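Novice: This structure is in structure tokens; I'll ask about it shortly.
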Amino acid sequence: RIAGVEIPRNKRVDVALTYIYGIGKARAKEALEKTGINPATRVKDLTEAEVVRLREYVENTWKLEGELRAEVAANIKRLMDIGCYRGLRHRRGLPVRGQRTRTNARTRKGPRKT
Amino acid sequence: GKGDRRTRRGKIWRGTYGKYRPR
Amino acid sequence: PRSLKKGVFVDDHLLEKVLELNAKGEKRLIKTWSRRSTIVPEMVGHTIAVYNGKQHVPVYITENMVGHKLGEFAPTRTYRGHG
Amino acid sequence: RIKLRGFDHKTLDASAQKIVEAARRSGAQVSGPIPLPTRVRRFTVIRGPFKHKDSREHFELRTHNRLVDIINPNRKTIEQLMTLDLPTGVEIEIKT
Amino acid sequence: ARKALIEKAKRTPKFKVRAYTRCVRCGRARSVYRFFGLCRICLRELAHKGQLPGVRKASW
Amino acid sequence: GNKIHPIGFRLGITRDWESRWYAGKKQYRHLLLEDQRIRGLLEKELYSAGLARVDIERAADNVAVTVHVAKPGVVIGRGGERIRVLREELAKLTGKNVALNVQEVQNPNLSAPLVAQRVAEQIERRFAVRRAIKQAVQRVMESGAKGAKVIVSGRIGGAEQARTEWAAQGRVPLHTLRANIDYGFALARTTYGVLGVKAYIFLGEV
Amino acid sequence: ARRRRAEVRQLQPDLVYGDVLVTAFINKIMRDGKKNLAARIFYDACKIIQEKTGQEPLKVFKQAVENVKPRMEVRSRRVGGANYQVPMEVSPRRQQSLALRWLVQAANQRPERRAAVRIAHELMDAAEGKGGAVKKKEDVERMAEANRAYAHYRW
Amino acid sequence: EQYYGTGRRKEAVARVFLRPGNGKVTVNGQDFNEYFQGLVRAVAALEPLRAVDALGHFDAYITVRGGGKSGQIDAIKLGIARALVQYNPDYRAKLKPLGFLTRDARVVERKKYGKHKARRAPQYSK
RNA sequence: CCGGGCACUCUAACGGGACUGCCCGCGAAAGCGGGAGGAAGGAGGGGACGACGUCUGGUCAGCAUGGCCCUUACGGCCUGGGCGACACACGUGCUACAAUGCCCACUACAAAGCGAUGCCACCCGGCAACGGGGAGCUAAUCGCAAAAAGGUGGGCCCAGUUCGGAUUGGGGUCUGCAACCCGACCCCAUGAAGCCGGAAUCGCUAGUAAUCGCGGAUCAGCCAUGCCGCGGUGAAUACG
Ligand SMILES: [Zn+2]
């Protein structure tokens, strides 16, 4: 379908685009504009010339699914290499952005270990 | 929800302005 | 982050020392109390014992640490787990 | 046009009523004593020096406002104007 | 270690940001009112003291 | 521990502020500061004379000062030396025109501070605390007071264990707002610590 | 509630039907003081029942309430090592509120997505003597009547 | 001719004016339904004019300030009750029994210190 | 908007007004129930107000204070780091888990405070944060400032969702001397758990709960979901 995945036909293209990893409401709200595509049309409600327009466009606008995940892990990979404090947090798998490490770090630490 | 910066309501509860809460 | 409208803050005396050893070539391992500065591309190839609160921790400056603060690579806290 | 600001209303009204007669003594217009809304500034605080955050105590500074204006300055009053009796809990503003 | 500290708060520092406000009366640092310069306690003492012009128990 | 200060409880109801002077945000904090130190400078400089009240009003660029005391002659000095001695020395501190005034304590057995002070100096001189209280409270009520109470807390009589002694007489309705009730506090410190002294003098429910 | 009996609040009769009881049912609908929201949701279901079985909705309403107004219920009583549930009568004050609370809850559980229809189906089946709210009233008094042996323990 | 009342209900002020006519309602230069569109409760403001039935008798020019529309509505119920008895004090009968002539003493209670709300004490665990 | 008026509201001072005042009945009375008027009725509501004392409660880290204790140091300065760690455990909060909802756009309606190196109108640039300009305001008049929920229309259509925003990558704005530990905010992307929660347990009886938003204190900044207030809507229930 599109760059990495398929959009849900019964859903409008707006949320469908955002289903692409590497695309939120913003780029979803924009690529339809640069491709002049009506967002209200469901994914099943999409013509080929529209999609190929949008497909080639968005696929040529931003790295979305795989290439994006490359740099993401890459950015954290390169962090872990230099040994920055941030890299320390990742290599420790602890809250990287100054969160209160003592409590409420389950999102970074997962299950509890009492 | 109210904790979403991207939501206008979030910036409302945040009491700020961004792309999604004009002034 | 520091506003790019504002200059890239770097502790001048430490920065100046780096520019000094540049003329004098890579040498004179620099102890620094100046955790807060950002590494400058000149600083690459140098080394610094960055002060950690009690100690000056030696850090070799590579290009992978140019756009960062000095103190980042000096972990001010020592953690080892529990038990 | 004259403002009056104090912490008492009586001293204001004492001051204001006195001044209101003053220009009334020898001139006009003596714009009536107009009570501006009293800017209050609350101050809350814990009663205890140490903790027990709960038990509080409220304080306030009702800077009571009053005002009068002079339509015709009536310089015979103007000397009377500058010849003023200002109690220690009152401040005054000038206009017309 | 307070007097020099409350004295140090008096002198001016190498950077304006270090300039903080202590109680003029008890030198306290926390709960210090810019409008008075007194701690929350010195205020309450002087409040009941009646030396605070206008100030009084605000009980609406 | 739990009761309210009687004076602040009655400001603007029956009792009046001790330093009446309007100020703005810009100058309230500064003019307050010298106002505080003026209370201290006159305090030591008039405690021997029996200071009662220090009313500090602020006219334009001159502090309307009023000191209530039982020893005006002790305040003024040798036919008015000390007054000038302080009226100048005061203005040296405040920097502005220190307008100093003295006011006697008519019936000093009703000045809750002075009644507190006098009890202090007695207990400052090892006198019988329990006795001095009653003798204190007595002439107070004997001086026409419509109700009087005195309390003292601390290491009563040098005992290593603290205690709160107190004697009262006549109606002392602390809750009555319109009950004119002069409060008097006396900090009486000993060789073995400090003793608190509080003077409650009900005069009239005006 | 030791000294007096804390007499009820005299509700304001509604604008549409002039009823307080309608106003009562609104309050059980109302959430977060959002009476404007809840008001429509009733008045919408007014239209709805006025469409499906077009009659007086209020005629549908009270008829619905009568089919769910309970009259006997249990009450817990741990006398001895056994907690009793004595069959008890119900005051009309509490008959409605219980019935009112019952219908709204069942209306909180129908599948239709908008509440106005859930209320719509609910009041209909309610006046039809059908639905869990009616079952709620059925189960209680049955449960109540099922334990009539504890009747004389009623206090 | 002109007839006046005042509306006060929980921080809502209502200036009501009764000029005889067909029952016009201008609320801040707006239609009643205009300024109260989508407001379920905002129909009973004329019910005092339905207590005494000069509905199509007096044209209602009214302004309101402060508080929500609902509070604005109650003040309207107050102001309508005023000029009526001012118009006809006999209207007090069939209003006092209807309670329109009494102001709602209810007001948002002061929020206490320690209490989250006027009575909302924080959940404590012993 | 103006002249024009103070009508009205409001502003802020003084008063009146509710006192079981009045009628019925009960009661020895006290009082009590009913009613009248009345805006308010029986403590009109809410505050401030905390008796003897109790807890050898808390505080020597606000302060003061006896005493003991150090004087090239336990004193003072600077620099930095810590107070922010973090397998864990508890308290108190916020956001939610959705359609009585969520998102978008337009349209309303407050109160209360704050503001001269501060509110900053308004304008421009900028996706925005914000930056460049820039008037008024020196305070009922200038601004903060939009109240928000609400109402209209649109979308979503039960979906881990257009729910959820946690985390994280990156790019920025501002303050600050300096935002690594350790700030906030904007933008992009990421889109965690979470489907109403065991044992248990909390608050609330009216404009209360609940919900929505607004201001101030500290403060340059803000780690504020806190605190103190302010207002919008606005309940159910009380047999006992
Ligand atoms: Zn202080």
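Labels for the structure tokens follow display order: chains A, B, ..., residues from 1 in each chain, ligands from 1.
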Could you please select, counting only C-alpha atoms, the residues of chain A within 12 Å of chain B and state them as a PDB file with N, CA, C and O atoms, in the first residue's frame?

Specialist:
```pdb
ATOM      1  N   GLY A  24       2.491  11.732  12.437  1.00  0.00           N
ATOM      2  CA  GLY A  24       1.445  12.127  13.347  1.00  0.00           C
ATOM      3  C   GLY A  24       0.350  12.898  12.644  1.00  0.00           C
ATOM      4  O   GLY A  24       0.245  12.902  11.412  1.00  0.00           O
ATOM      5  N   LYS A  25      -0.480  13.567  13.442  1.00  0.00           N
ATOM      6  CA  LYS A  25      -1.523  14.411  12.874  1.00  0.00           C
ATOM      7  C   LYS A  25      -0.946  15.505  11.993  1.00  0.00           C
ATOM      8  O   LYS A  25      -1.570  15.890  11.000  1.00  0.00           O
ATOM      9  N   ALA A  26       0.232  16.021  12.342  1.00  0.00           N
ATOM     10  CA  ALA A  26       0.803  17.138  11.600  1.00  0.00           C
ATOM     11  C   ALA A  26       1.063  16.757  10.151  1.00  0.00           C
ATOM     12  O   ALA A  26       0.471  17.325   9.227  1.00  0.00           O
TER      13      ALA A  26
END
```

Novice: Taking only C-alpha atoms (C1' of nucleotides) and all ligand atoms into account, which residues are within 10 Å of ligand 1, as a PyMOL selection string?

Specialist: (chain D and resi 49) or (chain E and resi 22-33+36-46) or (chain I and resi 62-63)

Novice: For chain H, which residue out of I:110, I:89, I:209, I:158 is the nearest one, using only C-alpha atoms (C1' of nucleotides)?

Specialist: I:110

Novice: Write out as CSV a residue-level contact list of chain C versus chain I with cut-off 10 Å: for each qualifying residue the closest pair of atoms and the distance in Å to one decimal, counting only C-alpha atoms (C1' of nucleotides), rows sorted by chain and residue number upward.

Specialist:
```
residue,atom,partner,partner_atom,distance
C:1,CA,I:179,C1',7.0
C:2,CA,I:179,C1',7.4
C:3,CA,I:173,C1',7.1
C:4,CA,I:172,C1',8.6
C:5,CA,I:173,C1',9.5
C:9,CA,I:178,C1',7.5
C:10,CA,I:178,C1',8.8
C:11,CA,I:178,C1',8.7
C:32,CA,I:80,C1',9.6
C:33,CA,I:80,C1',6.0
C:34,CA,I:80,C1',7.7
C:35,CA,I:180,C1',7.6
C:36,CA,I:178,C1',6.6
C:37,CA,I:178,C1',8.0
C:38,CA,I:180,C1',9.4
C:50,CA,I:80,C1',10.0
C:51,CA,I:80,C1',6.8
C:52,CA,I:81,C1',6.2
C:53,CA,I:81,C1',3.7
C:54,CA,I:81,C1',7.1
C:55,CA,I:80,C1',9.6
C:68,CA,I:180,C1',8.2
C:69,CA,I:180,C1',6.0
C:70,CA,I:180,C1',7.3
C:71,CA,I:180,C1',5.1
C:72,CA,I:180,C1',4.1
C:73,CA,I:180,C1',7.9
C:74,CA,I:180,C1',8.4
C:75,CA,I:181,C1',7.3
C:76,CA,I:81,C1',6.2
C:77,CA,I:85,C1',7.2
C:78,CA,I:85,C1',8.4
C:79,CA,I:85,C1',7.3
C:81,CA,I:87,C1',7.0
C:82,CA,I:87,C1',6.0
C:83,CA,I:87,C1',8.7
```

Novice: Among chain E, which residues carry a DSSP assignment of alpha helix (DSSP H), reported as a PyMOL selection string?

Specialist: chain E and resi 3-8+40-49

Novice: Okay, now the selection with N, CA, C and O atoms, as a PDB file, in the first residue's frame?

Specialist:
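The resulting file, selection_19.pdb, is shown below:
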```pdb
ATOM      1  N   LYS E   3      24.656  33.892  59.837  1.00  0.00           N
ATOM      2  CA  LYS E   3      24.909  35.331  59.855  1.00  0.00           C
ATOM      3  C   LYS E   3      25.675  35.776  58.620  1.00  0.00           C
ATOM      4  O   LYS E   3      25.237  36.673  57.893  1.00  0.00           O
ATOM      5  N   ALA E   4      26.837  35.173  58.377  1.00  0.00           N
ATOM      6  CA  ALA E   4      27.546  35.447  57.134  1.00  0.00           C
ATOM      7  C   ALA E   4      26.679  35.096  55.938  1.00  0.00           C
ATOM      8  O   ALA E   4      26.668  35.816  54.934  1.00  0.00           O
ATOM      9  N   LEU E   5      25.933  33.997  56.033  1.00  0.00           N
ATOM     10  CA  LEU E   5      24.994  33.650  54.976  1.00  0.00           C
ATOM     11  C   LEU E   5      23.943  34.737  54.811  1.00  0.00           C
ATOM     12  O   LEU E   5      23.706  35.222  53.699  1.00  0.00           O
ATOM     13  N   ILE E   6      23.313  35.150  55.912  1.00  0.00           N
ATOM     14  CA  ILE E   6      22.385  36.265  55.813  1.00  0.00           C
ATOM     15  C   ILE E   6      23.134  37.552  55.547  1.00  0.00           C
ATOM     16  O   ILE E   6      22.553  38.512  55.032  1.00  0.00           O
ATOM     17  N   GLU E   7      24.420  37.600  55.880  1.00  0.00           N
ATOM     18  CA  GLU E   7      25.232  38.724  55.444  1.00  0.00           C
ATOM     19  C   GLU E   7      25.583  38.597  53.970  1.00  0.00           C
ATOM     20  O   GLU E   7      25.553  39.587  53.231  1.00  0.00           O
ATOM     21  N   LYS E   8      25.921  37.382  53.532  1.00  0.00           N
ATOM     22  CA  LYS E   8      26.261  37.169  52.131  1.00  0.00           C
ATOM     23  C   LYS E   8      25.093  37.519  51.227  1.00  0.00           C
ATOM     24  O   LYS E   8      25.286  38.055  50.131  1.00  0.00           O
ATOM     25  N   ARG E  40       7.297  34.839  56.852  1.00  0.00           N
ATOM     26  CA  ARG E  40       5.905  34.613  57.198  1.00  0.00           C
ATOM     27  C   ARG E  40       5.673  34.690  58.700  1.00  0.00           C
ATOM     28  O   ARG E  40       4.546  34.955  59.127  1.00  0.00           O
ATOM     29  N   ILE E  41       6.712  34.481  59.509  1.00  0.00           N
ATOM     30  CA  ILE E  41       6.568  34.570  60.958  1.00  0.00           C
ATOM     31  C   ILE E  41       6.719  36.010  61.425  1.00  0.00           C
ATOM     32  O   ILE E  41       5.906  36.510  62.211  1.00  0.00           O
ATOM     33  N   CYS E  42       7.774  36.687  60.968  1.00  0.00           N
ATOM     34  CA  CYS E  42       7.986  38.079  61.347  1.00  0.00           C
ATOM     35  C   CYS E  42       6.802  38.937  60.944  1.00  0.00           C
ATOM     36  O   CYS E  42       6.424  39.868  61.665  1.00  0.00           O
ATOM     37  N   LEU E  43       6.204  38.637  59.794  1.00  0.00           N
ATOM     38  CA  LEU E  43       4.966  39.298  59.413  1.00  0.00           C
ATOM     39  C   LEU E  43       3.891  39.088  60.466  1.00  0.00           C
ATOM     40  O   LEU E  43       3.301  40.050  60.966  1.00  0.00           O
ATOM     41  N   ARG E  44       3.629  37.830  60.813  1.00  0.00           N
ATOM     42  CA  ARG E  44       2.573  37.532  61.771  1.00  0.00           C
ATOM     43  C   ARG E  44       2.849  38.173  63.122  1.00  0.00           C
ATOM     44  O   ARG E  44       1.929  38.680  63.773  1.00  0.00           O
ATOM     45  N   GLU E  45       4.108  38.163  63.563  1.00  0.00           N
ATOM     46  CA  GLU E  45       4.450  38.841  64.807  1.00  0.00           C
ATOM     47  C   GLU E  45       4.149  40.325  64.700  1.00  0.00           C
ATOM     48  O   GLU E  45       3.367  40.876  65.481  1.00  0.00           O
ATOM     49  N   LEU E  46       4.750  40.986  63.713  1.00  0.00           N
ATOM     50  CA  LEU E  46       4.519  42.412  63.535  1.00  0.00           C
ATOM     51  C   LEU E  46       3.071  42.701  63.173  1.00  0.00           C
ATOM     52  O   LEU E  46       2.567  43.791  63.460  1.00  0.00           O
ATOM     53  N   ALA E  47       2.393  41.745  62.536  1.00  0.00           N
ATOM     54  CA  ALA E  47       0.978  41.911  62.235  1.00  0.00           C
ATOM     55  C   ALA E  47       0.180  42.140  63.508  1.00  0.00           C
ATOM     56  O   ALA E  47      -0.436  43.195  63.694  1.00  0.00           O
ATOM     57  N   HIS E  48       0.199  41.161  64.409  1.00  0.00           N
ATOM     58  CA  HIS E  48      -0.464  41.331  65.693  1.00  0.00           C
ATOM     59  C   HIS E  48       0.148  42.470  66.486  1.00  0.00           C
ATOM     60  O   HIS E  48      -0.529  43.091  67.312  1.00  0.00           O
ATOM     61  N   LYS E  49       1.422  42.762  66.245  1.00  0.00           N
ATOM     62  CA  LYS E  49       2.067  43.891  66.892  1.00  0.00           C
ATOM     63  C   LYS E  49       1.377  45.208  66.578  1.00  0.00           C
ATOM     64  O   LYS E  49       1.497  46.157  67.357  1.00  0.00           O
TER      65      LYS E  49
END
```

Novice: Determine the nearest neighbour of residue 68 of chain G from the options G:7, G:122, G:14, G:32, counting only C-alpha atoms.

Specialist: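 Among G:7, G:122, G:14, G:32, it is G:122 that comes nearest to residue 68 of chain G.
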
Novice: Got a sec: who's within 9 Å of residue 78 of chain H, counting only C-alpha atoms (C1' of nucleotides), leaving out chain neighbours fewer than 2 positions off, as JSON, numbers by chain?

Specialist: {"H": [5, 6, 7, 8, 9, 14, 16, 45, 48, 73, 74, 75, 76, 80, 81, 82, 100, 101, 102, 103, 104]}

Novice: I'd like the interatomic distance between atom CA of residue 13 of chain E and atom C1' of residue 182 of chain I, to a tenth of an Å.

Specialist: 21.2 Å

Novice: Separation of atom CA of residue 30 of chain D and atom CA of residue 13 of chain D, in Å?

Specialist: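 Calculated distance between atom CA of residue 30 of chain D and atom CA of residue 13 of chain D is 14.6 Å.
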
Novice: What's the 10 Å shell around segment 156-158 of chain F, counting only C-alpha atoms (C1' of nucleotides), without same-chain residues fewer than 3 positions away, as a list in words?

Specialist: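 Skipping anything fewer than 3 positions along the chain leaves residues 123, 126, 127, 128, 129, 130, 152, 153, 161, 162, 163, 164, 165, 190, 191, 192, 193, 194, 195 and 196 of chain F.
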
Novice: I need the residues of chain C that end up classed as strand (DSSP E) by DSSP on the backbone, written out as a PyMOL selection string.

Specialist: chain C and resi 30-32+47-51+56-60

Novice: Just to be explicit: take each residue in the selection above, keep C-alpha atoms, and write the result as a PDB file, in the first residue's frame.

Specialist:
```
ATOM      1  CA  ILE C  30      43.298  20.046  31.299  1.00  0.00           C
ATOM      2  CA  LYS C  31      41.653  19.678  34.669  1.00  0.00           C
ATOM      3  CA  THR C  32      38.451  21.688  34.662  1.00  0.00           C
ATOM      4  CA  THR C  47      41.409  15.429  27.016  1.00  0.00           C
ATOM      5  CA  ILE C  48      40.041  16.915  30.230  1.00  0.00           C
ATOM      6  CA  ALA C  49      39.689  15.773  33.815  1.00  0.00           C
ATOM      7  CA  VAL C  50      36.233  17.275  34.143  1.00  0.00           C
ATOM      8  CA  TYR C  51      35.321  18.015  37.733  1.00  0.00           C
ATOM      9  CA  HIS C  56      38.325  15.764  37.853  1.00  0.00           C
ATOM     10  CA  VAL C  57      37.302  12.870  35.611  1.00  0.00           C
ATOM     11  CA  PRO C  58      39.526  12.435  32.516  1.00  0.00           C
ATOM     12  CA  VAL C  59      37.573  12.685  29.269  1.00  0.00           C
ATOM     13  CA  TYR C  60      39.071  12.307  25.807  1.00  0.00           C
TER      14      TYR C  60
END
```

Novice: Give me the residues within 9 Å of segment 103-114 of chain G as a list in words, counting only C-alpha atoms (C1' of nucleotides) and dropping any in the same chain fewer than 6 places off.

Specialist: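 In the requested form, the answer reads residues 25, 28, 29, 41, 64, 65, 68, 120, 121, 122, 123, 126, 131, 132, 133, 134 and 136 of chain G; 99, 100, 157 and 158 of chain I.
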
Novice: Compute the chain I side of the contact with chain E at 12 Å, counting only C-alpha atoms (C1' of nucleotides), and hand it back as JSON, numbers by chain.

Specialist: {"I": [46, 47, 48, 49, 61, 62, 63, 64, 74, 75, 76, 77, 78, 175, 176, 177, 178, 217, 218, 219, 220, 221, 229]}

Novice: Need the shell around residue 11 of chain I: protein/DNA/RNA residues with any atom at most 10 Å away, counting only C-alpha atoms (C1' of nucleotides). Skip same-chain ones fewer than 5 positions apart. Format as a list in words?

Specialist: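 Contacts, in chain order: residues 34, 35, 36, 37 and 38 of chain D; 140 of chain I.
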
Novice: Output the selection as a PDB file, in the first residue's frame - N, CA, C and O atoms (P, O5', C5', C4', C3', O3' and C1' of nucleotides) for each residue.

Specialist:
```pdb
ATOM      1  N   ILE D  34     -16.230  60.399  46.088  1.00  0.00           N
ATOM      2  CA  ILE D  34     -16.565  59.212  45.310  1.00  0.00           C
ATOM      3  C   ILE D  34     -15.731  58.051  45.834  1.00  0.00           C
ATOM      4  O   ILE D  34     -14.497  58.093  45.731  1.00  0.00           O
ATOM      5  N   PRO D  35     -16.335  57.041  46.417  1.00  0.00           N
ATOM      6  CA  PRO D  35     -15.564  55.919  46.958  1.00  0.00           C
ATOM      7  C   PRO D  35     -15.138  54.988  45.838  1.00  0.00           C
ATOM      8  O   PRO D  35     -15.939  54.209  45.317  1.00  0.00           O
ATOM      9  N   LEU D  36     -13.868  55.064  45.467  1.00  0.00           N
ATOM     10  CA  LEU D  36     -13.341  54.109  44.522  1.00  0.00           C
ATOM     11  C   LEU D  36     -13.298  52.733  45.169  1.00  0.00           C
ATOM     12  O   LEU D  36     -13.249  52.614  46.394  1.00  0.00           O
ATOM     13  N   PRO D  37     -13.332  51.677  44.366  1.00  0.00           N
ATOM     14  CA  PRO D  37     -13.280  50.327  44.930  1.00  0.00           C
ATOM     15  C   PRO D  37     -11.967  50.098  45.658  1.00  0.00           C
ATOM     16  O   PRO D  37     -10.889  50.390  45.137  1.00  0.00           O
ATOM     17  N   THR D  38     -12.067  49.576  46.876  1.00  0.00           N
ATOM     18  CA  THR D  38     -10.921  49.498  47.771  1.00  0.00           C
ATOM     19  C   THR D  38     -10.032  48.331  47.368  1.00  0.00           C
ATOM     20  O   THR D  38     -10.371  47.170  47.614  1.00  0.00           O
TER      21      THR D  38
ATOM     22  P     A I 140      -8.342  53.647  39.183  1.00  0.00           P
ATOM     23  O5'   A I 140      -9.685  52.830  38.954  1.00  0.00           O
ATOM     24  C5'   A I 140      -9.823  51.513  39.470  1.00  0.00           C
ATOM     25  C4'   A I 140     -10.568  50.625  38.508  1.00  0.00           C
ATOM     26  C3'   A I 140     -10.594  51.127  37.070  1.00  0.00           C
ATOM     27  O3'   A I 140     -10.563  50.020  36.176  1.00  0.00           O
ATOM     28  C1'   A I 140     -12.804  50.955  37.894  1.00  0.00           C
TER      29        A I 140
END
```

Novice: Just how far from atom CA of residue 7 of chain D is atom CA of residue 89 of chain D, in Å to one decimal?

Specialist: 6.4 Å

Novice: Quick one: residues within 9 Å of residue 109 of chain A, only C-alpha atoms (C1' of nucleotides), excluding same-chain residues fewer than 3 positions away - as a VMD selection string?

Specialist: chain A and resid 93 to 95 105 to 106 112

Novice: Restrict the selected residues to C-alpha atoms and save them as a PDB file, in the first residue's frame.

Specialist:
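So part-v7.pdb came out as:
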```pdb
ATOM      1  CA  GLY A  93      17.205   1.853  30.741  1.00  0.00           C
ATOM      2  CA  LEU A  94      16.230   4.574  33.204  1.00  0.00           C
ATOM      3  CA  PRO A  95      14.250   7.801  32.686  1.00  0.00           C
ATOM      4  CA  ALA A 105       9.441   5.412  36.521  1.00  0.00           C
ATOM      5  CA  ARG A 106       7.428   2.293  35.703  1.00  0.00           C
ATOM      6  CA  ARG A 112       7.656  -3.766  39.899  1.00  0.00           C
TER       7      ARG A 112
END
```

Novice: Counting only C-alpha atoms, which residues of chain D come no farther than 8 Å from chain H, as a list in words?

Specialist: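 Residues passing the distance filter: residues 54, 55 and 56 of chain D.
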
Novice: Select all residues from chain F having any atom no more than 8 Å from an atom of chain D (counting only C-alpha atoms, ignoring ligands), output as JSON, numbers by chain.

Specialist: {"F": [20, 21, 22, 57, 58, 59]}

Novice: Emit the selected residues as a compact mmCIF listing (two decimals), in the first residue's frame, including N, CA, C and O atoms.

Specialist:
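Final output, saved to result17.txt:
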```
# COMPACT_ATOMS: atom_id res chain seq x y z
N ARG F 20 0.86 54.67 62.21
CA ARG F 20 -0.07 55.00 61.15
C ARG F 20 0.65 55.85 60.11
O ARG F 20 1.05 56.98 60.39
N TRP F 21 0.82 55.28 58.92
CA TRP F 21 1.49 55.98 57.83
C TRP F 21 1.19 55.29 56.51
O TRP F 21 1.56 54.14 56.30
N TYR F 22 0.49 55.99 55.62
CA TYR F 22 0.20 55.41 54.32
C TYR F 22 1.48 55.23 53.53
O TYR F 22 2.44 56.00 53.67
N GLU F 57 4.03 57.74 63.15
CA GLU F 57 3.33 58.17 61.96
C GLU F 57 4.31 58.83 61.02
O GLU F 57 5.37 59.31 61.43
N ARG F 58 3.97 58.84 59.74
CA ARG F 58 4.87 59.36 58.72
C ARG F 58 4.15 60.45 57.95
O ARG F 58 3.27 60.17 57.13
N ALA F 59 4.52 61.70 58.23
CA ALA F 59 4.11 62.81 57.40
C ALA F 59 5.02 62.85 56.17
O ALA F 59 5.77 61.91 55.90
```

Novice: Hey, list the chain I side of the contact with chain G: 6 Å cut-off, only C-alpha atoms (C1' of nucleotides), answer as a PyMOL selection string.

Specialist: chain I and resi 210-211+233-234

Novice: Could you give me, as CSV, every chain I residue with an atom at most 6 Å from chain B, plus its closest atom pair and distance in Å to one decimal, counting only C-alpha atoms (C1' of nucleotides), rows ordered by chain then number?

Specialist:
```
residue,atom,partner,partner_atom,distance
I:127,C1',B:19,CA,5.8
I:128,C1',B:19,CA,4.5
I:165,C1',B:4,CA,5.9
I:186,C1',B:18,CA,5.7
```
